[PDB]
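Below are the chains, spelled out letter by letter.
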Amino acid sequence: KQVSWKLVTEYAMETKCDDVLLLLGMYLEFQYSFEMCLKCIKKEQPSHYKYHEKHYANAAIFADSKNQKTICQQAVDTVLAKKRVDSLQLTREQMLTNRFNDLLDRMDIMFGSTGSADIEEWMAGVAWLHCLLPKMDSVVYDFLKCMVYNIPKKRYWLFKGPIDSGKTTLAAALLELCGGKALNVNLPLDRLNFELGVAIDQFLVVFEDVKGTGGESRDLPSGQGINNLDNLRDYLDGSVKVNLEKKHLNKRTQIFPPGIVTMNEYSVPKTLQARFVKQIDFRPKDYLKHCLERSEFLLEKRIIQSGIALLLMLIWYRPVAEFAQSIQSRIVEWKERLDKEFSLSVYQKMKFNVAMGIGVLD
Amino acid sequence: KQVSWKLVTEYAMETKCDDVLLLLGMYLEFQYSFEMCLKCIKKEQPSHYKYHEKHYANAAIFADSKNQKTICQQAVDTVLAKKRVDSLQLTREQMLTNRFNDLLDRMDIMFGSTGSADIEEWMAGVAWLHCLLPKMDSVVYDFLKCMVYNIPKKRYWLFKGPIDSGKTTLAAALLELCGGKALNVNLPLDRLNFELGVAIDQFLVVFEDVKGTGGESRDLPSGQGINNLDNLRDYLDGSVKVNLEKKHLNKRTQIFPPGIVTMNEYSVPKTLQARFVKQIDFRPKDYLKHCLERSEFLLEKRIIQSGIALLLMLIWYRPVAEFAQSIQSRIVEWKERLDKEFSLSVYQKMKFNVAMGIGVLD
Amino acid sequence: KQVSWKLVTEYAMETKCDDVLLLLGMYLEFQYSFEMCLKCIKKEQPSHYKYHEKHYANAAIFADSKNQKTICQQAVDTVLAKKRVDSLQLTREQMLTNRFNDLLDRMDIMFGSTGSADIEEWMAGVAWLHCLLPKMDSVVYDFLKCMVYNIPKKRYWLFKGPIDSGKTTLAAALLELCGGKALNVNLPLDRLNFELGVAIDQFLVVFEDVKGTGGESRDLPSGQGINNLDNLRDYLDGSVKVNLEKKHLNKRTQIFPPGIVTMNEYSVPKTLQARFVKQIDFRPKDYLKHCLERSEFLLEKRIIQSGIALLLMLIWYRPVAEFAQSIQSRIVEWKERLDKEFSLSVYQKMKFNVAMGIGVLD
Amino acid sequence: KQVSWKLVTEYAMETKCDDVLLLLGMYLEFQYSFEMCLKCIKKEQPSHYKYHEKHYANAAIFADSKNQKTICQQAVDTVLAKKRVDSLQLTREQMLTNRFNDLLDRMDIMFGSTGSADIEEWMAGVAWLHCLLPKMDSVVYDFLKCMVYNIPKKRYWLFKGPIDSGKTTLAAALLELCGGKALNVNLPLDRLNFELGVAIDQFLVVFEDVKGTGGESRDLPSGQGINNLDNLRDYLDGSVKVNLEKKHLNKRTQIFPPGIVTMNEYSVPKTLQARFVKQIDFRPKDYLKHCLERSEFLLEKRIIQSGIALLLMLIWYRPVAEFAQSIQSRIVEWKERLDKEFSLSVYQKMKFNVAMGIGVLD
Amino acid sequence: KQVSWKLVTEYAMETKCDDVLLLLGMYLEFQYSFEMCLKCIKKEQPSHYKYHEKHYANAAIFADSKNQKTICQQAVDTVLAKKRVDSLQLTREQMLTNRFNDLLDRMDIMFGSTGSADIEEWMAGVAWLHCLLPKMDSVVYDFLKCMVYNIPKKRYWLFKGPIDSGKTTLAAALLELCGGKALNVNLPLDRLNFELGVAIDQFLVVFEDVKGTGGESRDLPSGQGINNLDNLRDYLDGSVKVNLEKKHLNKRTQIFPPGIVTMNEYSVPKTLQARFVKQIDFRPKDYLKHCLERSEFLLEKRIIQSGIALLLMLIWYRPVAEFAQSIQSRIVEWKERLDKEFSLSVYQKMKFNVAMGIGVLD
DNA sequence: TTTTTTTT
Ligand SMILES: Nc1ncnc2c1ncn2[C@@H]1O[C@H](COP(=O)(O)OP(=O)(O)OP(=O)(O)O)[C@@H](O)[C@H]1O
Ligand SMILES: Nc1ncnc2c1ncn2[C@@H]1O[C@H](COP(=O)(O)OP(=O)(O)OP(=O)(O)O)[C@@H](O)[C@H]1O
Ligand SMILES: Nc1ncnc2c1ncn2[C@@H]1O[C@H](COP(=O)(O)OP(=O)(O)OP(=O)(O)O)[C@@H](O)[C@H]1O
Ligand SMILES: Nc1ncnc2c1ncn2[C@@H]1O[C@H](COP(=O)(O)OP(=O)(O)OP(=O)(O)O)[C@@H](O)[C@H]1O
Ligand SMILES: Nc1ncnc2c1ncn2[C@@H]1O[C@H](COP(=O)(O)OP(=O)(O)OP(=O)(O)O)[C@@H](O)[C@H]1O
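Sequence positions in this view are assigned from 1 along each chain in the order the sequence is written. Entry numbering can differ, and residues without coordinates are absent from the display. Following the order in which they are written, the chains are lettered starting with A and the ligands numbered starting with 1. Any value quoted here refers to the chains shown, not to the larger assembly they are part of. To get the side-chain values, all heavy atoms of the structure are used, and hydrogens and water are removed first.

The deposited coordinates derive from cryo-EM, with the record listing a resolution of 3 Å.

Written out as structure tokens, the structure reads:
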């Protein structure tokens, strides 16, 4: 008897697991009889219940091995390797088409037979989101395409407006949608430059809590951030490759992704002010609060943060042909499901009632 | 014959140990004949006497082996792996339910037949805490709910007041109850980077003693804390994942825990102010001051500053329906024990005594 | 049977792959039968489909190995060794031939078997270059000469002027044609090392804007950039070898390479400019915006940024006799393939579109 | 045959050896034929001469081992592991009892058959110390009880006075008695981060000659100390765990020890002074000076610094009930030896000699 | 056949080598034919020619090994381990006794028939040194015992006098005789910590050329060092341990060693004058200058700097009883040699020449 | 290999 490292690796690939402890912990669960595995019986997690019986025999033999972390290290490296092969070979539009398939597979579960969530609330989110700004689903489709075509030095959108104006609210959902990362500008230039090292393979990025100096005219308590933007204006423009930090591995050089950054109106150089392809003002909108104070399940469940909310909004608005091609198979089968659950009058009722500043329902 | 590595791992699972030297040291103790083991006979540490007989046979072989630290390292990473799996897959509520079972177990010891402390002194403790604030037990129910829901931008509580107001005490009790960590931010901006790394995978965190600036006009010597947290809104808001590191380790990326901030009274900007949900004023009460000086076992056993006392307070005051369904059986047991162990009127009198600043007991 | 480590090492030098993760990922693909490999059938990536059938047998056995990552580390060390050998042995001419020898291959990709592009656009890009003066084609060749004919102080070109002077686009383009790296300055002197240590064992180095003082009459921010330059004699005029410290790290010593410094208009402590090949002063021109306004594709495809344009600038303007002996024949072939598209009247037609910034497809 | 790793571990255990090189060097001393060992015959060093004969056979085989440092590292791990296990599971009273056992063992060796130190000279130092403060022995027992109980916030004593006051003399004695480390707080505010790292697992700490502020009238050098202490009030309070750091070590977390602060007569802010239980002001004493000047053997053998001197004072002054039962057996035997050796007339005469400032002896 | 790791280690012991690379290089040379060895035949280095004969047999096999560097590591560990055992167990008298044995080994070679240097010239050194200060030979013996007895407070010596007054010449010879280190304390206080770090496990220290305030009154360039020393009482007094730091390493705890201080006539605080045992005035003496002009071979061979020069002086001037009993056998032989080598009258003529300012030899 | 250091 000896461990099949191949079967271990196949789980890691099918899981797309890329943490060595996470995989180690995960695989050890399979050593017991799936026949009475309460997790399986509960259909507790798909990462478990889909795989327990398949891997049982190997996991029992793995459970006794003396090499366990070394086994897992090779498996995790194949996953990172696959990511990087894709990362350089694939088209940006092609990448997106794979990301969507990931999210659809989750919705299969979320609203499955184990329909643990329920779509009523999520469409109310779509309504509330589609209340926030004009042509909402368009400007999504617009920024979506912008990030695919990646026109050099047309690469970033920006937002401004008071605290709680919702700009973070928009931003977070866009990031959950695409995948990507968010980072902090304002830390000192050493820590800064290491932090940039997270950008590897990220299709898209954001920065939060960014500061300029001197916003105190707007009463804004102020700080460094703008300085460290200006340091990276080639990253911004993506004009070039640039190097990216690591620990215990070489720093690696490549071109830098596009995206969005959080601001409110501190000072900022005009080489930035004139630079960017887009910006939007977030203005607070009281009737949202007066729905929200009722509809608080939205926040508890992070529905308004969900990228799945955005996808549902696009599935709601746009015609099937407007999406990338192969997904249109599944788009229709979701378009179907929307028709089945929702008449227009459902969403009509929802958004109207909401728009009056009432709680979500009557 | 050979050492079973599996048996060592199982002991680490059973103890939930995760320091290689603690594991190594403790496992070596088993090598003597458990038959005669003085520590067993004294019944001194359950981490030992519940396991010595079981592990004896394998501890003798471990005492010979040339690999000892390697065997221990595997087991510790197994426990850490388990933590990461749990962290990624339990509901916030289940984590707390697990944590509460651990405290109930320690209480079954502390007031078990071994009775290493007096349940009456511990209940005397609870009275002093209940006295400390308006609607104390309702206040605690609020805080647990807040930490469990973890609602975006509604994650932080601010204790403020004068010196010796008890705010640190209350934080330390809440901290132990949920099992957070404590963090300093009156620190240099560079090594600050490694400080926050502690907070990886914690349920809760607390920021101590956040020193303001211009404070010495008010006799409070100015310091970095406020000048520092004002650059960390991303972390507090918990709205998007943020990245964390440790020495010789690459960055994790996760949401930041909810938590508490403590200060003596300092000026706070609208920005940071907007990101706390509740703030609480504490003020000295000379009758409490006197009573501790009589009842000083409250300090010496640190009774007034343990989650055990808060857990007890919740048990006495809250309906069993307010507990998660899984644990409710043990709650009924302990409620019945306590309602049997103490009348209302003893508790009534304790409050009168403590309100009257005399030593607690008569 | 066993993995041939030799075969893996061949593929690294054939593909010139020099990342262990990429190498591992690429190579793992070959374990499926090339016979039916859809990537091969679709002929998407030569780095795949050229090699699959050869490596398939070895790849299957590799995919089974326990030791896979170390096989790849040795293979990547092989390529790193070759590069280090060449970087020491050859002359700047030979090295520059080896570039042009396969910027040639870029032509064979840019106009590769797909009908990869229409060279019209590329010379429209080249034509957009030559616009500060009709001298500029010489200045390319003259700069290239200064690089091979490197003499002390005959090292650094002061590329002087405000935004949108194109200087950075050009610097980036040369950093593709020749290679080299780009760098910053306005630092404390230790951090300036931790910056400049990037330059280890390289042949061409480029730099960005530097703070003088007192220039706020042209709104130029004062600072300590110029202050560091007065200290950098041992590098700037550079007659004698000097060390190349990265922070705490790789303290190489040699002659520091030549290249280009980019900065705005600023005052002149002549102590500095004395060390330079140049003081060449640039400004934007209004009509050039109105060209770009109407020639947008030449930015969109990065044609204007690519060093490829500089090859074809040189292929146009410089007579074949000026090129290195073995490429001259290929220069004829791209003077042929120039004339396979271009009369000088079309070149002039495009110049005279630009003469008032007419859309250059005219 | 083969090296017993177990025997090496036992030697490390019995010598309580912390250090891998010290262990290596020691063990190699045994490789030479036991019966001729001059170190044994000269009875030079019990750490050698007790063990040589037993370990001899394995030491010779160890001398051949190709693996020597690995064996020592494993052995040192078990000694380190023991300390960490004890640190968690011991009562603070038990720790102190163990520390006393070790000092009492050193006192056997000093005054035993080896005749190596003069019990009469040592007793003179107790007389000089019992003069140094009012009620001197009472202060020691209170300090011991203070440090055993470790009451939150009520954890630190402040020593104040001029130069040549004796305060660091007394602090050093209490530190050797208990075990612990001094610390210097006058450092730059970065290196505090590593300076405090020394506190890990200690039983006491001493902050040495904290520099305050102003006070050129006071004729005191200024420094960081006082204000920088206030920035660490948490570590005084000890109410909650803190995070501590050593070079190359990832952080470990503990309650910061109780201890002593020493300073000249600077001003102190009560934000800090609220955290001192008790304050002792020393005075210069002419008769002590003139006594010491004629009692130089006290200093020439460091008697009045040494922890053994304080232990001898407690044995003389304190009833046997004040000691923990385990050592009451040994305490009684030492009391017998002292009352055999001395008389109260003698001790009073010594104290009178100190009071008269003559040499202690007459 | 196998390599003897033992034979390598024995060589490392006897060379007292502690650099892994240096040990490696030396041993590899023995692989060449010992019987023909040119380095042996020319008697170039004793560390080679004494050993090549024995180790050649093993060196041949060493040259084939693949473990070469790890063999050297274990060898060098053995030397370092020996030094640790020594430092923690020898008496300071035994420590000195070893270093004299080492110096006498060197002298045995220098004044040999093939290893050769001029026993006549080196005695001109002692004549010159014995003129630099009255009762020179006794002063050395006094200083020596002072360093050995290391009595608290009685620990430190002050050298005072103008530039070019010989104080550092004499200090250097003492430091060579005793194996200490120099330290410079004119730094600003915060930087001193790594300076003081140098002292770890050293026998002596010399504080070089301390600058005071107010020197400009006498054109002495002024500086901090005086005030820094006044701030270091505990290091000087040497009564109690202090903690010392080296780069990357964690702290060491030890008595700060005894030593020497040198200065021009800066005004010395009364506080410092209490610290020093001994003040020596160094003054320019015009006759020594003219003697040096006429006998520069003293400078050219560095004779007057050498601890070997001082050791010769002690051997000439001090009774055999002054030396430690164990070394006296070598001393008597060296006395016998010098008794043969010089009449007293020839030596006395040299003194008369030195007093005459004439060249030492005639 | 980082970390510590460096410098702050
Ligand atoms: N348009 C809006 N009007 C009123 N409240 C809003 C609006 N958008 C968001 N909110 C409230 O603000 C909270 C925080 O939203 P968000 O973080 O996106 O705002 P923000 O403008 O980006 O804030 P900040 O600049 O402080 O980070 C939301 O959870 C919601 O309760
Ligand atoms: N209401 C009160 N009146 C007087 N003393 C109090 C009161 N509550 C607590 N104390 C005392 O305050 C001491 C310290 O409490 P705690 O550390 O929690 O206060 P704090 O305000 O957080 O202090 P700090 O500002 O020092 O951090 C307690 O040990 C208790 O003796
Ligand atoms: N002479 C010019 N007139 C107008 N626009 C120009 C000119 N040269 C370049 N541009 C355009 O200006 C934009 C920026 O070009 P580029 O970065 O090369 O200029 P730069 O002078 O080096 O700028 P910076 O100093 O801001 O880095 C590009 O879109 C480019 O096409
Ligand atoms: N009370 C005293 N009266 C007179 N001389 C004293 C007294 N205490 C100590 N001495 C003398 O002073 C020397 C140094 O004592 P010590 O180091 O404790 O002084 P200190 O001024 O209190 O020190 P620190 O400022 O470092 O705490 C002693 O060795 C002794 O010679
Ligand atoms: N006592 C002396 N009389 C005359 N010349 C002297 C005397 N001592 C030293 N010399 C001359 O001074 C030179 C330097 O001597 P040395 O370095 O010991 O002087 P120093 O005063 O201790 O110097 P520094 O203060 O610079 O360290 C010697 O090489 C010699 O030429």
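1. Re the side chain of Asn186 of chain B
All names here are of chain B. What counts is decided by this rule: To qualify as a helix, a DSSP run of H or I must reach at least 4 residues; to qualify as a strand, a run of E must reach at least 2; elements of each kind are numbered from the N terminus. In protein, a polar contact means a hydrogen-donor-capable atom and an acceptor-capable atom, both N or O and within 3.5 Å, with residues adjacent in sequence counting only if both atoms are side-chain atoms; elsewhere, any N or O pair within 3.5 Å suffices. The contact rule is simple, with two residues in contact once any of their heavy atoms fall within 4.5 Å.
Residue placement: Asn186 occurs in the loop between β2 (181-183) and α11 (192-196). Among the polar contacts made by the side chain of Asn186, one reaches the main-chain amide nitrogen of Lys211 at a distance of 3.1 Å. Sequence-distant contacts of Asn186, that is, excluding residues within four places in its chain, are made with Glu208, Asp209, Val210, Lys211, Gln224 and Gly225.

2. Considering the relation of the copies chain D and chain B
We count it as follows: Copies overlaid by least squares; the fit is on C-alpha atoms.
Laying chain D over chain B is done by rotating through 59° and shifting 1.6 Å along the axis; what remains is an RMSD of 0.8 Å. Taken together, the rotation and translation relating the two chain copies correspond to the operation of a six-fold axis. In terms of C-alpha distance to the rotation axis, chain D has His248 of chain D as its closest residue, with the C-alpha 7.7 Å off the axis. Comparing contact sets, just 7% of the residues at the interface of chain D also lie at the interface in chain B, consistent with a heterologous contact between different surfaces.

3. Details of the interface of chain D and chain B
Formally: By definition, a salt bridge exists where a carboxyl oxygen of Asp or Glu is found within 4 Å of a side-chain nitrogen of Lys or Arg.
Tallying the contact residues gives 41 residues for chain D and 47 residues for chain B. At the junction of chain D with chain B, the criterion picks out 9 salt bridges. Two residues, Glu296 of chain B and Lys154 of chain D, come together in a salt bridge whose shortest N-O distance is 2.7 Å. Secondary-structure elements contributing two or more residues to the side of chain D that touches chain B are α1 (5-15), α6 (68-89), α11 (192-195) and α13 (233-237) of chain D.

4. Notes on the site of ligand 1
To keep it simple, the criterion reads: Throughout, near means a residue has at least one heavy atom within 4 Å of the molecule or strand. Methods summary: accessible areas were calculated by the Shrake-Rupley approach with a probe of 1.4 Å, and residue burial reflects only the protein chains presented. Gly is put with the polar residues, along with every residue not named as nonpolar or charged; the nonpolar set is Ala, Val, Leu, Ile, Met, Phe, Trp, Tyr, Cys and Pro, and the charged set is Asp, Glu, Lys and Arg.
What surrounds ligand 1 is a group of 15 residues, the closest being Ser165, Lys167, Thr168 and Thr169 of chain A together with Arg275 of chain B. With respect to ligand 1, the chains having nearby residues are chains A and B. If ligand 1 stood free it would expose 630 Å²; the protein chains cover 84% of that surface. Counting residues per element, the shell around ligand 1 draws most heavily on helix α10 (residues 167-178) of chain A, which supplies 3 residues. For the shell around ligand 1, the per-class residue count stands at 5 nonpolar, 4 polar and 6 charged.

5. Focus on the site of ligand 3
All names here are of chain C. Near ligand 3 you find 15 residues, and of these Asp164, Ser165, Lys167, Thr168 and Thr169 are the closest. A distance of 3.1 Å is found between an oxygen atom of ligand 3 and a backbone nitrogen or oxygen belonging to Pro162. Between ligand 3 and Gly166, the relevant distance is 2.9 Å, taken from an oxygen atom to a main-chain nitrogen or oxygen of the residue. Burial of ligand 3 by the protein amounts to 81% of the accessible area it has alone, namely 640 Å². At the level of elements, α10 (167-177) and α15 (286-292) are the ones that each hand at least two residues to the shell around ligand 3. A breakdown of the residues in the shell around ligand 3 according to their chemical character gives 7 nonpolar, 4 polar and 4 charged.

6. Here's the deal with the sheet that holds strand β7 (residues 278-281) of chain D
Residue and element names in this part refer to chain D. Put simply, the rule is: What makes two strands pair is DSSP finding at least two bridges between them. Lines are fitted to the C-alpha atoms to define the axes, a helix being fitted only along its stretch in contact, and any angle between axes, read from their N-to-C directions, falls within 0 to 180 degrees.
If you trace the 5 strands from one edge of the open sheet to the other, you get β2-β3-β6-β1-β7, paired in parallel fashion. Strands at the two margins of the open sheet, each flanked by one partner only, are β2 (180-183) and β7. Direction aside, the axes of adjacent strands within the sheet are offset by 20° on average. Across 4 bridges, the pairing between β2 and strand β3 (residues 204-207) is parallel.

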